[PDB]
Amino acid sequence: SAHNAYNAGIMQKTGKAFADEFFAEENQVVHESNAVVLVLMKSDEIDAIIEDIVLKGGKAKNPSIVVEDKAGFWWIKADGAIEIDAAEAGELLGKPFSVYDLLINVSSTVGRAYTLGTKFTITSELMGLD
Amino acid sequence: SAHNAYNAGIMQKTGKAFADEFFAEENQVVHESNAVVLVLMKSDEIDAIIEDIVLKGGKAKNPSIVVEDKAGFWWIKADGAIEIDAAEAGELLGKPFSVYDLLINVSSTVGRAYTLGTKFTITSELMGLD
Amino acid sequence: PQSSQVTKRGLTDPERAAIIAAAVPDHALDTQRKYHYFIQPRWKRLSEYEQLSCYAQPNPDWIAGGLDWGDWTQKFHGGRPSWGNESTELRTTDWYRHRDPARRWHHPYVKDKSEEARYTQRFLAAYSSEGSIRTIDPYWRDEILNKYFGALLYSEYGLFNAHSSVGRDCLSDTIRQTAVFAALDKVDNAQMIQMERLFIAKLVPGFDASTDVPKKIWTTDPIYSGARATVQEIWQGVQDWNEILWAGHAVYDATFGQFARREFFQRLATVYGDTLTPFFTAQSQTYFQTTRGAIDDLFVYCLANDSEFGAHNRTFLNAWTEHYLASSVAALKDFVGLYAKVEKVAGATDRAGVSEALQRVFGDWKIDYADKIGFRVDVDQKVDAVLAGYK
Amino acid sequence: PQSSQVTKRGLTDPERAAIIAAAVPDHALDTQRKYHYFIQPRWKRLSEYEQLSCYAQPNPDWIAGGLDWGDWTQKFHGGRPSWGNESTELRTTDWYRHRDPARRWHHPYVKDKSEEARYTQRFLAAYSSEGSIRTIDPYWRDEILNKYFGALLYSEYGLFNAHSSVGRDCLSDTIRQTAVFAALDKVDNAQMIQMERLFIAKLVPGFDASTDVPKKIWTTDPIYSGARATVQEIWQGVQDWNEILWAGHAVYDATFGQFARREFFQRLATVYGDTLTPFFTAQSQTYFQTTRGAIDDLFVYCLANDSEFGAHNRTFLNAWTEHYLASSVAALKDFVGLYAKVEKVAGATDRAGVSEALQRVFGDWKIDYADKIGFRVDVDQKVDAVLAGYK
Amino acid sequence: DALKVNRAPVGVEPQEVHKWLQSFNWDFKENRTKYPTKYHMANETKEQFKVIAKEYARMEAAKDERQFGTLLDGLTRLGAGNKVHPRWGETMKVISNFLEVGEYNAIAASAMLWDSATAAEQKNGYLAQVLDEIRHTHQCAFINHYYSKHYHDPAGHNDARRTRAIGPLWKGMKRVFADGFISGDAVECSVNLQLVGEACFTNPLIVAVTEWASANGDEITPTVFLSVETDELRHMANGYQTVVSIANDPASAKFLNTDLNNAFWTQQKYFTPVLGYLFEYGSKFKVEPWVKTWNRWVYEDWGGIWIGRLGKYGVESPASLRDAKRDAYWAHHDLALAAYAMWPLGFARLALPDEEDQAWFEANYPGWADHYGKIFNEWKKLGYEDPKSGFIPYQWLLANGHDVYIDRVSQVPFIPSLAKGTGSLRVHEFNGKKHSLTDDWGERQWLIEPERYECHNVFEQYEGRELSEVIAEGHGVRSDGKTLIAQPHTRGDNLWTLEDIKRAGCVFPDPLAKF
Amino acid sequence: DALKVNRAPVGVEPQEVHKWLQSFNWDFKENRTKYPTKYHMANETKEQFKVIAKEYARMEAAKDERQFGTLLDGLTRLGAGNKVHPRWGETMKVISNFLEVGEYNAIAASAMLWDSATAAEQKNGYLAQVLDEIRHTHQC
Amino acid sequence: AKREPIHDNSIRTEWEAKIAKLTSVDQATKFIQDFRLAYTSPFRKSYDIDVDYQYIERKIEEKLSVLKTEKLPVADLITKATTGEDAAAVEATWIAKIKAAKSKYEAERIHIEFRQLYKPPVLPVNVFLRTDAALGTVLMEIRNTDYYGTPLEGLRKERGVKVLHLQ
Ligand SMILES: [Fe+2]
Ligand SMILES: [Fe+3]
Ligand SMILES: [Fe+3]
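Residues numbered from 1 in each chain as written, not as in the entry; some residues may be left out. Chains lettered and ligands numbered in written order. Part of a larger assembly, values for the part shown. Heavy atoms only, no water.

Notes on the environment of B:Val54
Residues and elements named next belong to chain B. Note that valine 54 resides in helix α2 (residues 44–61). Residue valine 54 is classed as buried on the basis of its relative accessible area, which comes to 2%. For the pair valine 54 and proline 96, spaced 42 residues apart in the sequence, the C-alpha separation amounts to 19 Å. If we ignore the near neighbours within four places in the chain, the residues touching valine 54 are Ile49, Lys59, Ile65, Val67, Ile76 and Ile84. (Helix = DSSP H or I, 4+ residues; strand = E, 2+ residues; numbered from the N terminus. Buried < 20%, exposed > 50% of the residue type's maximum accessible area, 1.4 Å probe, protein only. Contact = heavy atoms within 4.5 Å.)

Considering the interface of chain D and chain E
Of the residues lining the interface, 118 residues belong to chain D; the matching set on chain E comes to 122 residues. Of the roughly 10,500 Å² buried where chain D meets chain E, counting both sides, 61% is carbon and sulfur surface. Three residues stand out in chain D for area buried against chain E, namely D:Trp69, D:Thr73 and D:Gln74, and they jointly supply 9% of the buried area on that side. Summed over the shared surface of chain D and chain E, the number is six salt bridges. A salt bridge links E:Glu454 to D:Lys75; its shortest N-O distance comes to 2.8 Å. Element by element, the count of residues in the side of chain D that touches chain E is highest for helix α6 (residues 173–203) of chain D, at 18 residues. (Buried area = accessible area lost by both parts, 1.4 Å probe. Salt bridge = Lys/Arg side-chain N within 4 Å of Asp/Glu carboxyl O.)

Considering the packing of α2(B) against helix α3 (residues 86–93) of chain B
All names here are of chain B. At a closest axis distance of 10 Å, the pairing of α2 and α3 adopts a crossing angle of 105°. Classified by the angle between their axes, α2 and α3 sit roughly perpendicular to one another. For the pair formed by α2 and α3, the contact residues are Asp44, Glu45, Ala48, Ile49, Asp52 and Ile53 on the first element and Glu88, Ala89, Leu92 and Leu93 on the second. Residue classes in the contact of α2 with α3 are distributed as six nonpolar, no polar and four charged. (Axes fitted to C-alpha atoms, helices over the stretch in contact; angles between N-to-C directions. Parallel < 35°, antiparallel > 145°, perpendicular 65-115°, else oblique. Nonpolar A, V, L, I, M, F, W, Y, C, P; charged D, E, K, R; others polar.)

Description of the coordination of the iron ion (ligand 1)
Residue and element names in this part refer to chain F. Around the iron ion (ligand 1), the protein contributes the donor atoms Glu103 (OE), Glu133 (OE) and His136 (ND1), which lie 1.9 to 2.3 Å from the metal centre. Residue classification places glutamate 103 among the buried residues on the basis of a relative accessible area of 14%. Overall, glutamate 133 belongs to the buried group, its relative accessible area being 10%. (Donors = N, O, S within 2.8 Å, 3.2 Å for Na, K, Ca; no water.)

Some points on the nonpolar core
Considering soluble globular proteins, one finds that nonpolar side chains tend to be buried as a cluster. Ranked by internal contacts, the top residues of the largest apolar core, which has 492 residues, are C:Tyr224, C:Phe265, D:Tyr224 and D:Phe265. Not counting chain neighbours up to four residues away, the residues in contact with D:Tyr224 comprise D:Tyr148, D:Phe149, D:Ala151, D:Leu152, D:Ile217, D:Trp218, D:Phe256, D:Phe265 and D:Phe335. Among the nonpolar cores identified, the runner-up in size contains 36 residues, and G:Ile32, G:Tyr39, G:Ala101 and G:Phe114 belong to it. (Core = buried A, V, L, I, M, F, W, Y, C linked by side-chain atoms within 4.5 Å.)

What to know about the interface of chain F and chain A
Interfaces are frequently sized by the accessible area removed from exposure as the parts join. With four residues of chain F at the interface, the matching set in chain A holds nine residues. In this assembly, chain F packs against chain A so that about 490 Å² is buried in total across both faces, 55% of it on carbon and sulfur atoms. Taken together, the links from chain F to chain A amount to zero salt bridges. Seen at the junction of chain F and chain A, the total is two residue pairs in polar contact. Considering only residue class, the side of chain F that touches chain A consists of one nonpolar, one polar and two charged. (Polar contact = N/O pair within 3.5 Å; in protein donor to acceptor, adjacent residues only side chain to side chain.)

Quick word on the domain arrangement of chain G
Residues and elements named next belong to chain G. Each assigned domain of chain G is listed with its residue range as follows: domain 1 (4–71) and domain 2 (72–144). Between domain 1 and domain 2, the residue contacts involve 20 residues of the former and 15 residues of the latter. In terms of surface lost to domain 2, no three residues of domain 1 exceed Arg36, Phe43 and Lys68, which account for 40% of the buried area on that side. The closest approach of N and O atoms between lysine 119 and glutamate 57, which form a salt bridge, is 3.1 Å. In this structure, the connection of domain 1 to domain 2 is made through 10 residue pairs in polar contact. Counting residues per element, the side of domain 1 that touches domain 2 draws most heavily on helix α3 (residues 53–71), at nine residues. (Domains from an automatic or database assignment.)

Focus on the sheet that holds strand β7 (residues 119–123) of chain B
All names here are of chain B. Strand order across the open sheet formed by three strands is β4-β7-β6, with antiparallel pairing between neighbours. Every other strand in the sheet has two partners, leaving β4 (81–85) and β6 (112–116) as the edge strands with one partner each. For this sheet, the mean inter-axis angle between neighbouring strands, taken without regard to orientation, is 15°. Two strands pair when backbone bridges link them, and β4 and β7 are joined in this way by five bridges, in the antiparallel orientation. In the sheet register, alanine 81 faces β7, and the bridge partner there is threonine 123. (Pairing = 2+ DSSP bridges.)

Topic: the side chain of C:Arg262
Within the element layout of this structure, C:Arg262 appears in helix α10 (residues 241–269). Classification of C:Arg262 by relative accessible area gives buried; the value is 5%. Looking at C:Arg262, its side chain comes within polar contact range of the side chain of C:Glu263, at 3.2 Å. Other than its neighbours up to four places away in sequence, C:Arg262 contacts C:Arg267, C:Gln285, C:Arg360, C:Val361, C:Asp364, D:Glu130, D:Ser132 and D:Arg134.

So, the environment of C:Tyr49
Looking at where C:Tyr49 falls in the secondary structure, it is placed in helix α2 (residues 48–53). Residues C:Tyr49 and C:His107, spaced 58 residues apart in sequence, show a C-alpha to C-alpha distance of 9.8 Å.

Description of the sheet that holds strand β5 (residues 106–110) of chain A
Consider a sheet: its strands pair through backbone hydrogen bonds, and that pairing is either parallel or antiparallel. Residues and elements named next belong to chain A. In space, the four strands of this open sheet follow the order β2-β3-β1-β5, with antiparallel pairing throughout. Two strands in the sheet have a free side with no partner beyond their single neighbour: β2 (66–70) and β5. For this sheet the average axis-to-axis angle between neighbouring strands, irrespective of direction, equals 15°. Two elements, strand β1 (residues 35–41) and β5, share three bridges in a ladder whose sense is antiparallel. The partner of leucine 40 across the bridge, within β5, is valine 106.

Some thoughts on the packing of aromatic side chains
Counted according to the given criterion, the structure contains 156 aromatic pairs over all chains. Here the aromatic rings of C:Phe123 and C:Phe279 are separated by 3.6 Å at their centres, their planes lie at 5°, and the arrangement is stacked. Separated by 156 residues along the polypeptide, C:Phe123 in helix α3 (residues 106–130) and C:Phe279 in helix α11 (residues 277–304) bring together distant segments of the chain. For the pair E:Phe264 and E:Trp302, a centre-to-centre distance of 5.6 Å together with 10° between the ring planes defines the contact as stacked. (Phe/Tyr/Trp six-rings, centres within 6.5 Å; stacked < 30°, edge-to-face > 60°.)

Observations regarding a nonpolar patch on the surface
Residues and elements named next belong to chain F. Taken together, the side chains of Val84, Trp88, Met92, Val94, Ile95 and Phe98 present a nonpolar region at the surface, about 550 Å² in accessible area. Within the secondary structure, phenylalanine 98 sits in helix α3 (residues 86–116). Owing to a relative accessible area of 59%, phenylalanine 98 belongs among the exposed residues under this scheme. (Patch = residues over 30% accessible without salt bridge, like charges linked within 9 Å, V, L, I, M, F, W, Y side chains within 5 Å. Areas by Shrake-Rupley, 256 points an atom, 1.4 Å probe, with all protein chains shown as cover.)

Examining the coordination of the iron ion (ligand 2)
The reference angle at a metal is 109.5 degrees if four donors form a tetrahedron and 90 or 180 degrees if six donors form an octahedron. Residues and elements named next belong to chain E. For the iron ion (ligand 2), the full set of protein donor atoms is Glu103 (OE), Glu133 (OE) and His136 (ND1), and the range of their distances to it is 1.9 to 2.1 Å. Spacing between the donor residues of the iron ion (ligand 2) along the chain follows E-x29-E-x2-H. Between the iron ion (ligand 2) and the iron ion (ligand 3), the interatomic distance is 3.4 Å, and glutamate 133 donates to each metal, bridging them. Of this pair, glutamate 133 and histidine 136 both sit in helix α4 (residues 120–150), separated by three residues, roughly a single helical turn. What makes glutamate 133 buried here is its relative accessible area of 1%.

Dropping the structure here:
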């Protein structure tokens, strides 16, 4: 699952090493990536969702989930999809918590995001085209 | 206004000197104080009221006002009374600000306190007995 | 330059924060982070409402449910305990059992009521601008609403003060939150009724918003005779804190309170062109339904079905219900005389329309309350007793 | 662990906080702390509404009021500027002059509507539990309210989409906020109506909350034929963003809209025993008066009295009002045929009642809008024009 | 019945209303967009995050209460406003107010999508986007309003809405995330504003910067920016829906790759060097090389999760990508040369890279020391920071043949004799007017669409005028009327005045007059 | 009149309601406190902060939103929960919980003052204090 | 050349005096079209007032507009151009013109010239904006056809620029 680290691949190189791969011929066009990136804004509810949903149940279903500490937010990258059930978070927090209450601290989504029922999903799939 | 400092009088002494005055015979009964103590919770609204109301107009009319920084709150002590007009705070802050909105961050009072119109007033007067 | 010290903050001051970080271990010293985990949850999971409310009251073991021990530190003269079983005829295996189905701790309660507080002022500024008051029937506005709806504020105020001893005497935390929130909603109802009278006074010249006439009607007019008597008794005649809550909310306010607010003033307002009163009764009805859920859980789920004392509690509830239903039936009989003063509308203020109204209140109450404690009641008999006051 | 740096926070990390504190001067570098001090305050002192809003639009000096210079970096194909004077017939010395009297920037606007959003659901939960729908007139509910109040949501939806070009084309920040807030309130009105229809469906078996009958009525029934024509014109027939705001809020919605929402469905609700609809009209009416205040300032204070272009602007406003008032009169003329379907109530649905209702709408409209732009209007003439469509 | 009804407690959930939103639209002949567009395909999509008006307000209001609670109560009680490093506090003057204009134009751009959409759900969705961008405008405004009250230099925070007209950096900001959105095809806004603007660049601009603010003591910006981007995921979703309609229709799909490439170059031409400059040079503590932040968010993640995935449906990798990566490595160092050299035209106090900054720059961008570090060090030895030195680098640049040009299209400054980024100077005369272009993508746009790119640049407007006269006319001063807002250092003493600027004798030339 | 009416925007302020609060009480024989007291004097006092139920909630809800914004959003993002010196964090176990029971008892003690009060303004005022102490309990 | 101050200069003062002599709608219409044909668009006749023409043009618009409301009948404000032409006629005339253009260079000229001549207050705003959109739709489609097909060197010849410098 190391391929979904924030510093994966070229990001690990420095100086001439980085510049050489960055300007390499093969790296002048985009490469299709099967991953998604979800940014979660740190707060009391999110820090509880990160530890007890994304990293417990979420990482069990999807071993490729990588969660990184970016001071003010959480950086999550995973192959395929990431899901968060607002119902599961509500039971975890002991207070009402609909999908829109979940979206309060979901900052960025690199991927296709939608809400079905009580579940927020960021998926690599291209709905309408696949 | 030196008598209204937080560390006025016996509070200046330390060790045996403080103990000698603390246990002094004259100091075993309360002594009537004409002062009042106001505590304001430090917030954006209150930091502006402190600097532009209490320490400008308020201190001009009552030069005995002392304002002390206590990390989380402002400690204000003054002879007679302290008044804060919420209408003046509304103009200063440029947003609706009724007298109950002033009370959001008015923590403690040592004295008689009331709301007359848009004015909050803490006073050493004894309404009902004086 | 101040006399006292400017205290350096441990969170930001580099020297103190360094000392703090060095002292904090690099691991948790326990893995249980659910605040008051040992509370038995009522629902699928434990709620913040329960974590913040449950077991706040320090009861000893000799008060059913208490987790502490020993006598109180200080008691009344003569020896009355700080809290004691002598405060109510009702018994249970655990006074902590009660759960507000709305799960109101303080914050959500004032959060909701603030929304209603701010929206009401906006609605009134717009309603004055709209001139919508122009289409209201003047007799209804001046001779019925102004006088008898304003008189009704004293019933709400009276129910509010009935909680004053309940808030001191009751025996668990969640019960105390239910009672106190119920009490604020009642004084709000009274204040809100007077707000509307003050509001109409600004739009209608000569509309007298003073409480003199309403007070005269509440204290002397036979229309509210039985209502005032029941309220004075519930409020000041008894001190069983369970009896007050039951008689006040489950009997009086569920029968007389419901008929006055919903079946008379709210319903008839939509028969006489009143576009304003249904904005205010919408709040009193929402408060009633929210109070009822909590009152219901206390007396049905907890008290009437307590494994050991359910049948014991039902004996007192049935005796109470018998007594205060009589006082309410008498209050309604006195109240339905006000229909002689309203202009007759088909199916609303005629004998047939009042009967359907009475059948609704007594019928709803039989399902909502009587069926749940085993109280038998012939609804048609109750309707006919009150209708004997209709003219 | 992790591949990237857990970067240290300068606020709490002892080393970075020490570096920061050493570089922060011990004194301020300027004493002007009033954000955008150079905004000319409309009121006694500069408001936070003005500080956050005014001059957000990066307008050059060749758009009246702008503080910037030069041409835009990128223009449309052919040369249409990003914003330009060609977008409206109206002229002014300063497009920044406008001020919403409610002083709504984004945060107070959603804070106020969040209250309505949460209170509505609590009110609906209580109302359903109250069973208060039992007293409503079944014919009014099924044949008038469901079908025709439902059809009116298309009028509101139409007025909402009228703002799409307005939100792109208008020339200042406070106007743009006024417009966008006005539009969200309008799609809200459309959504709130369908919410009421879905709610009654849960309470009354057989009550169809589908929009098919309302849509079939809006698009074919001659009752809304005149209203739909006017809306389609205001929405898609014009692009002068000032003409859209004026014809939409100050003419059509202030005459047809005010009559349909307030004089018909809200007033008649309180005559047919409807305890539910007034809760929803109370919101659209509040939204209308709050939109009117902003709209009234843009066209009366700013445009009809601009020191150089006031009379010039009144010329266009008069021509617009003349045109769209005739459209709305014809819309009302078709609409009063609906009174043929309702049950006769004295002084509400008879000819004298409809006349008094028409006098109120046109009477209020003369005072609120016409007199302020120099538009002459025979109120009796307009009332008899609409009353010609009453059976 | 009059006596029997189901008295179960019910309300109406948001998605119950939203289910009927599509039926709110009705058909008439004139029900079509008012704006010019090449894209005429059917676009009857479903809004991904089904929102109604009330629910929109309840959700956003909940965000504000937590945000303003943190700012107005907690961080103020901590005194966090004056706990920011000066370099970063100055940077937020530019970042916040510049982003504010982008949010402001995004309102208008979203309105065009609102107007040009056909599905009633997407009209209702785009109105919510329009509301959000107003929220974003007031949020960016609140940062500078907050800094103005609690930060040790309110000048620039307090008046950027007029003091930004003075300088050349503001010009290109009026295109990158402003005119580039709202002045063109309305349906193409789903590509420029959304697929590129929102899906690609808001992440490094609004999210990634949060970590840089935290590193430099700024906890105000994360509190607000992180809340801003929570609206953007709804915007990306709505934009992607329309892109699906364009890629699935062969007639309109032949306009997609070109508009994507123009949009990407339009936005990166400015965003890449300007944000790179502000991150690396406007900070004391750095999080990571700008070129790695770009590689993570732009090239790999956006390029792969969005453009590469869409590659299976005709969407090509942008032909300007090779040139854009070269800009990501060097263009912001080029931009720093111009920004430091023309510091008196800005509204922020700048700090030359200190000995440890220079070590960092040369380590992550080998070559930086010999090319840029030497110039910066020579400027310091000539008195760059001293107000009595009579030295300002712009005149030095003209003395050594390092002339500065403004791109007629992007407004980005170009110093061809020092630039390592993508660029080459093309100077054309057309109809008696001289134009300077800087890259093959901007020049092609100008050659094909000259009536779209007529923006006056700073040299054309200020020609022959002394520097301090321009600054005083544009109100680039503090409250005492004579001390500049902009400064070439971030200390508290020896601030430059108008008279100090006049001593240097700087007068604006016509850079194209030599041609 | 059905056509003429003042259409100026007006509402009703807290102090306009609270003016009529004293008249809400009426006289009957049993209208006295239920608790034992030595103090049987006239206590027909005024409440110095005119408070009504709607305004009480608006004011306290405003306090709550800023406090919970700071805790749940601001301080959590800064990790301040584990930036406490261990000595002081332990002390807050007993300070906050012991204060909790004092706030909880203050609910009941205020309810006694509520019951023993004879002025409707002070009866209403003491119910506001009763709610304050429930707030303080859930805060601790 | 030394520029005068940005917002108040002798050049703007001079044209404002020139504008104040306009006393009829026909005079101001001829004055505003001559101004727009000579100083606006890339095909302007002169750049002598580059930094001032946009403000000056605004002040011309303000004069013509006031004259229209003072002198023209109300119906003419809505349905006719200040040239006397039928507004709807101008729309169809110019839509069919640019639709008959054979190249992006013929198309772009027709659209530019429409704006130079009929930009409000000459043509009623409502008629102008929807005509400008129709022209812009046609101009945009012909330009975005084979957008990268012509190399730069060819695009320079086709545009007719004089190349002064290529680094
Ligand atoms: Fe307390
Ligand atoms: Fe945005
Ligand atoms: Fe956006």
